[PDB]
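Below you'll find only one chain, the form deposited in one PDB entry, shown as structure tokens.
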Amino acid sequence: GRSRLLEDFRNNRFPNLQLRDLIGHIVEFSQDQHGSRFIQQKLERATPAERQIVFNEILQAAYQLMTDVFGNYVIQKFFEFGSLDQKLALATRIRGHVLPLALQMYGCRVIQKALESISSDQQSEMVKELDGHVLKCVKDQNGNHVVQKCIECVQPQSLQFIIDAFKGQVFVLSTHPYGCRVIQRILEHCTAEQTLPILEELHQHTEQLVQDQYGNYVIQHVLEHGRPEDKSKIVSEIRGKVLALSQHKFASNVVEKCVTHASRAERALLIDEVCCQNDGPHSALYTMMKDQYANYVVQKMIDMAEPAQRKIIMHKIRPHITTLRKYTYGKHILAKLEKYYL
């Protein structure tokens, strides 16, 4: 049922088609896979007058387009390139519908782009509509991306209710595949007063988080980016357990990040731990090198070791060259030994 113009455009009739040529058909083009891309591209360099001509047509259909697989990109491009009065008009259409839009597969994209594009007060007015619905949004396939963008974009005073809603839920959310990403954003962007209670709760569950499919991601984040004191708390949960945890599908990630990112003394302590440990009739290092997960830990220990600790590891690794060649991943440590021994 396409218009002749949209059919002609799709058949490459018009290599010099312009926004002005679309009058009457703008909503139809916006809902088309190819027509939408055309409008998206043209909006970048359109004159304000050309943008207004398009906007006049789409405004009546704005909510429909926000929730359309292809039309949402056109609304995003008005947040990106539109005038302040166009963004005003769109924020108006969004008002009172931020929650359903945030939960909508395409509308969540529009709210995200709006947050990147609008004033601090406009942002505050949008995000408050999520009050009472924070955990629902955080776990939602679409809403979680809106909550993440709020944390990246919005003033901390206007975010506080999100932080408050996490109290008592940090463990549940950190072990959730979408929740764990929101927790990471909080750790990056929120103020120290906001992250303090989140971290305190995280440290109450470290043992379980390090072994969790998604929780280990949060623990890794604190190792890579957090304050020394928080890293030390995590190290306290790894010491005495390096051999066991290095062989764990998920906790091995955490062990590696301890070796790479913890303090100089902490890194040395964990390395020392496996250098002096025998795993029955085999070395702890022997056990670790044949393991699909722990081998990478050993790789990092070699990389991070001080010249003195490195001497010892390389010395204990050497008699197991033939064992290394059996494994697809033995490649890396072998190459390290070769480089190390001239």
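Residue numbers run from 1 along the displayed sequence. Rigid core (definition): largest C-alpha set, two forms, superposition within 1.5 Å.
One more form of this protein exists, namely the form deposited in another entry; it is left out here, but the text below deals with it.
> If you fit the two forms on their rigid core, which residue out of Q299, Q309, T287, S36 shows a CA shift of at least 2 Å between this form and the one not shown?
Between the two forms, the residue that moves is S36.
> Rigid core superposed, CA of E50 - does it shift 2 Å or more between this form and the one not shown?
Yes, the C-alpha position differs by at least 2 Å between this form and the one not shown.
> After superposing the rigid core, is the C-alpha displacement of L22 2 Å or more between this form and the one not shown?
Yes; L22 is a residue whose C-alpha shifts (by 2 Å or more) between this form and the one not shown when the cores are overlaid.
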